Structure formats: C-alpha cells, structure tokens
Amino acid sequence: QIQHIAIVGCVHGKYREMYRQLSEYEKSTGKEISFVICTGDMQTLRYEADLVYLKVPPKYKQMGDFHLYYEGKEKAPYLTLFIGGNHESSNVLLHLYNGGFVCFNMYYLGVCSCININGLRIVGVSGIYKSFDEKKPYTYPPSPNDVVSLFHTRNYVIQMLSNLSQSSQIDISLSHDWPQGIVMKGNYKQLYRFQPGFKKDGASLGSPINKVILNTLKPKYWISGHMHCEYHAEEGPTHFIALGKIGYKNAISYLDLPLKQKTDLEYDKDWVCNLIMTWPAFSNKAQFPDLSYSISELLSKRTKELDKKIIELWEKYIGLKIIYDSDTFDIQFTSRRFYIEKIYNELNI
C-alpha cells in the first residue's frame, strides 16, 4: 500500500494555480494525493494591511490568492503543510510561531517543529539564513520595522530540533534555503550549466543552520525551495530534493511512500516535550527566546516519566490531533502559550 505526497517549492501567492496543477496530476494519473508539502514563500496575506510585512521588491508588492482562501471564497482541496521562506506575511507567521492553520486545510509548521501524519515524522525549519540575525530574538507584537528580519532563521532551532531523531527516525525535513554544501553532492556541473549564478558561492551556497540539522537528524528526505530549480543530491542516507517556483514545470514533484497507517495530522510527542521543557526560555511574550537560558540545558532535563506526564497533559488541554481553529492569530498566539505555560507549571520543577 502506497501514499502519494505532493512536494511543492515556492508558491509565491499562486494558490489557485498550484491546486489546479495538483488536480491535473490526479486527473492524468488517476493517483490520489494524500497531502501536500510546500517549502515556503507562501505569502499568506489576509488583507491589504498585511502588505507591510511582505519583504519583496516593489514590483512584487501584490496580494496574491491567499486572501481568497482566508475569506473562504476558495477552499484548499488537500491538506497542505508548509514552512515560511523569505517572502511571507511575516506578522502572521510570528503570531503562529508555534504553528497553526492559516485557513482551512493549510497548516503552518511554525518557526520549526515536527508533526506526525500517516505514520511519518516531518520536521520543518522556516526562513533563510543571514549571519547578522541568527542570534536575534523575536520581538512581539510584530512591528513594521521588523519586515526585514522576521524571516531570517535563528540559530536556536538547532538545539530545539537536535534530539528529535533519538526515539525514531525523521522521514521528511523541510527547509526554504538549501542545507549548506549539499550543492556539491549532486550533478553540480550540470546545475551550473542551467544556473551559472550558483557557481560563485561554491560549497558555501545555502544555510549552515540547515546543514547542521541535516547532519544531526539524517532524515530520509530533505526538501528545499528558494533556488528556482530542480536538483537532487545524496548526503549519505539523506535524499535531497530541491524544487522550483510555481508557474514552472520543476515546482511540483511527488513522493511515493509506503503507507502502513492512514492517520490524521498529529503533534509529534517528542516535539511537544521539547516545547514544554523549553518554556522558561520563551516565558517573556515580548521578547523570545531569552538565550541567557541554555536551550539544550533545559532539554537535558527530559525524562521518560516527565515525557509521559507532558503528553498526558497536552492531550488533555490541546489534544494530540492538530485541528482547525478559526480564532484570529493573535488569540492563537496567546492561547497556545497559555497551555504550554500551564503544562510546564504542572510538572513542578
């Protein structure tokens, strides 16, 4: 038995088109899409005012299609999981830094996280890398002055995700920019023919953050967007696949994976445990994380007995299933942190 997963590069606000293309795959092949994964540049602008938070050159200050799905005039035909890239309504993604549905059937994985679906564990790392911002906290609520920095990947995601392959393997990991160095691990001479511009960065092309995460977790697949080309490479046991941008043939591909269990989208238990145990570092809603705390120090305190109690409490207050919530994003921000704090303080530490 088999599940067909659509993997999509840069959407850049062309949702109707993307879903059209996915429908046409189901038509021309007769195959069923279980769900969709998108590697970023989602541009989930709810309304005109959100344009302030979209860092793009002037010619690309446009609403795109998302607002149609947000309003409910259009309806996403398939469960679509995504991370953020460098072209985003960054204010929206900050409210949902702990993940969340932006509208029916579209689930943002957050700054980073791991989820479960159909027996797979999927890790997402949002953003692109800039050294000058990798140690910068997030300030909340979002300010228009942060349009240039909100989408830069912070280094702390490394310590948040590093222990995730301890109890089982990671099936799929998603990023926006490529893991640094992985360009050398495929047919780069051919890549450089189609993409002359890439040659000058050499092995340093990509994110050192994503490189470390890939090396640490060694997922079956690592999928990236950002670069506007298709590319495949192998870094030991990890299959790397880069996808292009919607509108071009190399934007969408399909993973044909074994399917043992069909099961709804769920929170990952190891992620949840990390989320609760790192709470002290995230306790100041105005500025997080506070790195006077050591993330790995906080996570060194995980135990089997505490993990068990955390999951019991998470199931109680939130549920294991990730379900659609239509509250405004600022409410979802406050609500998820409320329960994270509650669970943490119930553990007694």
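Note that residue numbering begins at 1 and tracks the sequence as displayed.
*Asks:* Could you check which stretch, 267-275 or 237-245, carries the larger mean CA temperature factor in the entry?
*Replies:* On average, C-alpha B-factors are higher across 237-245.
*Asks:* So, looking at the entry's B-factor column for Cα atoms, which has the higher mean, 335-343 or 20-28?
*Replies:* If you average the C-alpha B-factors of 335-343 and of 20-28, the larger mean comes out for 20-28.
*Asks:* Highest Cα B-factor in the PDB entry belongs to which of 116, 163, 153, 190?
*Replies:* Top of the list by C-alpha B-factor: 190.
*Asks:* According to the Cα B-factor stored in this entry, which of the following is highest: 198, 129, 178, 104?
*Replies:* Answer, based on the entry's C-alpha B-factors: 198.
*Asks:* Could you say whether, by C-alpha temperature factor, residue 184 belongs to the lowest, middle or highest third of its chain?
*Replies:* Top third by C-alpha B-factor.
*Asks:* Quick check on the deposited entry: does the C-alpha B-factor of residue 167 sit in the lowest, middle or highest third of its chain?
*Replies:* As the PDB entry reports it, the C-alpha B-factor of residue 167 lands in the highest third of its chain.
*Asks:* Considering only modelled residues of the same chain, in which third does the CA B-factor of residue 261 rank: lowest, middle or highest?
*Replies:* Highest third, going by the recorded CA B-factors of the chain.
*Asks:* Using the B-factors in the PDB entry, rank residue 280's C-alpha atom against the chain and give the third, lowest, middle or highest.
*Replies:* As the PDB entry reports it, the C-alpha B-factor of residue 280 lands in the middle third of its chain.
*Asks:* Consider only the C-alpha atoms of the modelled residues in this chain, order them by B-factor as the entry records it, and name the third containing residue 87: lowest, middle or highest.
*Replies:* Within its chain, residue 87 is a lowest-third residue by C-alpha B-factor, going by the deposited values.
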